[PDB]
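Residue numbers (the deposited numbering), protein chains in the order written: chain 5, 1 to 62; chain M, 95 to 205, 219 to 324; chain 3, 77 to 321; chain 1, 259 to 309; chain 9, 1 to 96; chain 6, 28 to 151; chain A, 54 to 127. Don't be surprised by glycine CBs; every beta carbon is placed ideally from N, CA and C. A short worksheet on the structure shown next.
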Amino acid sequence: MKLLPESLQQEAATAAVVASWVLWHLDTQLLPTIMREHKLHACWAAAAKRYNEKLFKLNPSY
Amino acid sequence: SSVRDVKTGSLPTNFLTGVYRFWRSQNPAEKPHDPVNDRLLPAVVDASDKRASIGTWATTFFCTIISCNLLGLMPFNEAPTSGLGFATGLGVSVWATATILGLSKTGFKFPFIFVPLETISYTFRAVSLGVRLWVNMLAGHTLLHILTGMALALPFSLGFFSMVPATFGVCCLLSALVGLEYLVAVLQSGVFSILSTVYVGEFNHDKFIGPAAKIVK
Amino acid sequence: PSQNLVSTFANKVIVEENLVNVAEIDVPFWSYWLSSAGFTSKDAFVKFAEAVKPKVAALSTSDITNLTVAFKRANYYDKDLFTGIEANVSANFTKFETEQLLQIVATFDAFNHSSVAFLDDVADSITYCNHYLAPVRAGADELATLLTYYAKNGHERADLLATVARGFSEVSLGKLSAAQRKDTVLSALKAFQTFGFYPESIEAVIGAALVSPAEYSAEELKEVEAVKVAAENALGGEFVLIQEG
Amino acid sequence: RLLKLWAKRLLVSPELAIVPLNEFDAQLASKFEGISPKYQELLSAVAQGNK
Amino acid sequence: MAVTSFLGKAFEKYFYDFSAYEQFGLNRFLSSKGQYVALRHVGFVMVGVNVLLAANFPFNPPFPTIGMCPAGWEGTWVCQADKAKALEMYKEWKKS
Amino acid sequence: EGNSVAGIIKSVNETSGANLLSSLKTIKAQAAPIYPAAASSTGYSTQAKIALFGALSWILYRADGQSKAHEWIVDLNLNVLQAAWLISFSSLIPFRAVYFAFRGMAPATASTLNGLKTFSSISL
Amino acid sequence: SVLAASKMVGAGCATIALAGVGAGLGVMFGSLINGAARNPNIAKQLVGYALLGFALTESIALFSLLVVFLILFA
Ligand SMILES: [Zn+2]
C-alpha cells in the first residue's frame, strides 16, 4: 500500500481533464437542452395571464 | 454537424435540472432596493454577469465526483477519487478557483499578526476539501479489503459449508459496510459541492450599479 | 541567380489581382478579414461587390453582416449591392440577431440607405424576433446609431424605441469613454426628442450628461435640459440625482 | 360558408363543441380572468386529448 | 432467429415473472419480502465467497488467517506464515 | 412543409357542400402530425456494440489485473460484495416512485403547461 | 526494526482522536433528533445542516487517519 501515486501531476491532470470535460458537456450539451424544456414551460407559465389577456383584447370574435 | 434529438421530459434531463437548480439555489441573487423593471434590468443583467457561475461549477464537481465515487462501487472497479492526486487536485482546484475569483475582484492584488493566521486558516481549505473526500474514499476501500480478508479466512479455515452462522453474520457485516460505502459516496460528493459553493460564495459578492438618476414620481 | 528569380516571382504571381482572384470563393469572409487586417482599397471592393451580387440573396445572416461590416470599413457604397443586402435582411429578418442588425444598421446609417420595409423588418426583428435583453448586451453607441437612423428616416416605431431604450443605463454608458459617452448621449437625446418618446430609461441618458457636465458646451447643455424638462413632463415628476448614500 | 367556417374550427380544435352557442356570450367578461369558469377546465381537459 | 431479442425477453421473464419467494412458498418461513431480499443478498455473498475459496484450493492465503488451518494442512504449505518458506514448501509439494 | 391549418382551410374551401361532411375525416387525417411508425428491428448499433465490447474488455482486463494483484482473492470477493448490492438494488428500489420523484425534480415536468386558453384564441 | 515497532505503537496511539470525534458526532445527531422533535416542519432543512455539520466534523477524523497513514506507510 502506497499513499502517493507514480506522478501526482498526472493524476491532477486526469482530474482536470475529467472535470473540464464535464464542464464542457454540461454547458454545451446538457444545459441547452435543460433550458429549452425548462424555459419553454417557464415562459408559458409566466406569460399565461398576460398572453391570454393580450390575445383576448386582440380577438374580435366576441 | 447534426445534433441528436432529445425527448422532452426525459429522466436524465429532469435529474440534471433538479441538480442544477439546487446548486444554483445555494448562492441566491440579492434583491435590489429599487423595484425590478426596465430601468433596473441592465443592473440585474450586469449583476448576473459579475456573479460567478457557481451553479455550473458545483454541478460539474458534483457530477464528476459522484460518478467516480459510484465507480468505486461497481465490480472490477476502484474509484479514481481514492487516488491522492485526483481528489486533492479537485480540492486544490476549487480552492484556487475561489482564490482566483477573490483576487480578480481586488484588482489582482494579493492580500497585525492576524493576517498570517487567517492566511493559514484559509489556506488549509485547499488541504481539507480534497483530503476529506480522498480520505473517505481511501478509508472505505481499505476497510472493505481488511474486512473481506477476515470473512474469507472464516470459510477457508472452518470448511466451505460447515460454519453457517458465523459466516452469515460476518457477511451481513460486510454487506452493511458496502451499503454504508454507497451512502458515503453520495454524501461526500454532496459535501464537496456544498463546501465548494460556500468557498466561492465568500467572494461572489460584487457592486450593484443601480440607477444614479431618477424621476421621483 | 536566385535574387533575379525571386524578383521575377515577386511581381507577377503575388499581386493584388491574384489576391482578389483567390478571394472570389467565399467573398464576404475574405472581404471581412481583409478589411479588418486593413486592406481597404476601392478597386478590390468594386471587384468584391460584383462578386457577391448574384449570391447575396441566398447568403447566411453571419455572411450578410460580415459583408456589410466589410463594406462599412472599406467605405464603398454600391446601391444595387446594398439593395440586395437590404432584400436579404427583409427576406429572412427572423434569423438575424440584434448585434448583427446593429452592425447592418450602422452601415446603412453611414450611407443614407433605407426603405420603409427594411426599417419595419429591422424593428420587427429587434423587437419581436430577438431576446428583449439583447439591447443590454449591445453597447450604447450601437443603439444610439440605430436611434439616429430611425430618427433621420422619420420612422416611428414605439415598440422598437421601448426595446432599445432598455440598453441605455449606467452600465452601458459607463462602458464608454468620455467623448464617446458625450456623443452617444447627444445622439440618443436628440432621437428621443425627435420621436417625442421619453421612457423611464431616458434619465440614465440624461444623468450621463449631468453627472459630468464639464465636457458639455452651453448649447448642448441647453439641449440636454430641454430633453430633461420634456422627460420630466412625460414621466410625471422631477429629475434628481442619486448620490452614494 | 357557415358550415365550412365551423368545420375548420372543429377540425383544428374539436373541443368547441362542448360549449353550446347560446351560452357562449354568457361566459365572457371585460377581463380575461373574469370569464366564467364553468367550461374552462372542461375545455382544457377535452383539448388535452382523447387519452 | 435473433439472439439479443430472445435474451432480452428471457431476462425479462426471469427478472419479473420468476419469483422464488412465492414459487418455493417462502412466505411461511420468512416474514416479508424485504427480509427475503436481505437474506438472498447475504446468501449470494456466502455462496460467492465459498465458490471462490472452493474454486481454487489448496493455496496459501494472502489474507490473515486467525491461527486456524483447513484441518488437513497443519504445517504442509498452506498454513505457512512466511511466504518464501511457503513457496519452497509448495514447490516440494508440487513435485509430488 | 407548409402550414397544416392553411391546408385545412384550403381543403375545406375546396370541397362542395355535398362533399363536406364526407371529406371532413380525410381533411382531419391529412393535416394531422406525423407519428412515425415503428421500423423493422435491426441489429445493435455500432456504438452499442462498441460500448458492450469495450465494457467486456474492461471487465476482463480489470479481472485479470485483480487476479495478478497481491491480495487477489479479496479483490475477487470484493467484486462479489459489490455485485450483491447491484442485485439487491434491482429488488429494493421503487422505480415507479423514483421516476415520478425525478419528474417532480424538474419544474417542466412537475406541472402541466399553463398557457394558451381556449376562450382567448377562439375565432367565431 | 525498532522504527517499525514505534510505527505500530504510534499509529495505535494516533487513532485516539476518533473517540472524541465520535462523541461529538453522536452529540450532533442526537441534537438533530431533538431539533426535528421540536420543529419537524423545517426538519428536512435541519438534516441538511446535520450533514454539513457531520461533514466538517468528519474531517477531524480524517486528519487523524491521514497521520496514521503518514505513520504507517510513509
Ligand atoms: Zn479493491
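Using a Cβ distance threshold of 8 Å, residue 288 (chain M) and residue 251 (chain M) count as a contacting pair. Of the residues 87 (chain 9), 58 (chain 9), 84 (chain 9), 89 (chain 9), the one whose Cα lies closest to the Cα of residue 266 (chain M) is 58 (chain 9).
Relative to ligand 1, the beta carbon of residue 99 (chain M) is positioned no closer than 7 Å to any heavy atom. Contact between residue 132 (chain 3) and residue 157 (chain 3) holds: their C-beta atoms lie close to 7 Å from each other, under 8 Å.
Following the DSSP letters along the chain, one finds residue 316 (chain 3) inside the beta strand (DSSP E) bounded by residues 315-317.
In its chain, beyond the 5 residues on either side, 316 have a beta carbon closer than 7 Å to the beta carbon of residue 140 (chain M). Three or more beta-carbon pairs separated by less than 8 Å are not found between the segment 133-148 of chain M and the segment 68-87 of chain 6, which leaves the two stretches without contact. Restricting attention to alpha helix (DSSP H) runs no shorter than 4 residues, the segment 18-95 of chain 9 encloses them at 33-55, 83-94, ordered along the chain. C-alpha of residue 324 (chain M) to C-alpha of residue 200 (chain M): approximately 38 Å in a straight line. Considering only 151 (chain 6), 146 (chain 6), 57 (chain 6), the residue with the shortest C-alpha distance to residue 285 (chain 1) is 146 (chain 6).
Residue 14 (chain 5) belongs to the set of residues whose beta carbon lies under 8 Å from a beta carbon in chain M.
In the three-state scheme derived from DSSP, where H, G and I count as helix and E and B as strand, residue 296 (chain 1) is classed as coil. With a threshold of 7 Å, the Cβ atom of residue 172 (chain M) counts as near ligand 1, since some heavy atom of the ligand is closer than that. Using a C-beta cut-off of 8 Å, the segment 269-280 of chain M makes no contact with the segment 163-180 of chain M, since fewer than three inter-stretch Cβ pairs fall below that distance.
For the segment 92-121 of chain A, the set of positions with a beta-carbon nearer than 9 Å to some beta-carbon of chain M reads 101, 104, 105, 107, 108, 109, 111, 112, 114, 115, 116, 118, 119 in chain order. For residue 321 (chain M), DSSP records a beta bridge to 316 (chain 3). A direct Cα-Cα distance of roughly 54 Å separates residue 159 (chain M) from residue 59 (chain 5). Assigned with DSSP and collapsed to three states, residue 219 (chain M) falls in coil, not helix or strand. Counting along the chain, the unbroken alpha helix (DSSP H) around residue 278 (chain M) starts and ends at 271-308. Counting every other CB atom within 10 Å of its CB across the protein chains shown gives residue 98 (chain M) a total below 16, marking it as exposed. By the criterion of at least three beta-carbon pairs nearer than 8 Å, the segment 220-236 of chain 3 is in contact with the segment 249-267 of chain 3. Taking non-hydrogen atoms of ligand 1 into account, the C-beta of residue 102 (chain 6) is found less than 7 Å away from one of them. Inclusion of residue 6 (chain 5) and residue 102 (chain M) in the CB contact set at 8 Å is not warranted, their separation being larger than that value. Under the Cβ distance rule, residue 231 (chain M) does not count among the residues neighbouring chain 9, no pair being separated by less than 8 Å. Looking at the backbone, the Cα of residue 73 (chain 9) and that of residue 120 (chain A) are separated by about 40 Å.
A direct Cα-Cα distance of roughly 16 Å separates residue 176 (chain M) from residue 123 (chain A). The beta carbon of residue 80 (chain 9) lies closer than 7 Å to those of 60, 86, 89 in the same chain, with the five residues before and after it left out. Closest option to residue 118 (chain M), judged by alpha-carbon separation, among 151 (chain M), 222 (chain M), 264 (chain M): 151 (chain M). Taking 8 Å as the cut-off, the Cβ atoms of residue 126 (chain A) and residue 3 (chain 5) count as close. Between residue 62 (chain 9) and residue 114 (chain 6), the CB-CB gap reaches or exceeds 8 Å. Going by DSSP, residue 141 (chain 6) is part of no alpha helix (DSSP H) at all; its letter is neither H nor E. Between residue 61 (chain 5) and residue 150 (chain 6), the C-beta spacing is below 8 Å. The count of Cβ pairs closer than 8 Å, one atom from the segment 297-304 of chain 3 and one from the segment 259-276 of chain 1, stays below three, leaving the stretches out of contact. Between the alpha carbons of residue 105 (chain 3) and residue 122 (chain 3) lies a gap of roughly 16 Å. For the pair residue 249 (chain M) and residue 285 (chain M), the Cα-to-Cα distance works out to about 12 Å. In the structure shown, the three-state DSSP call for residue 131 (chain 6) is helix.
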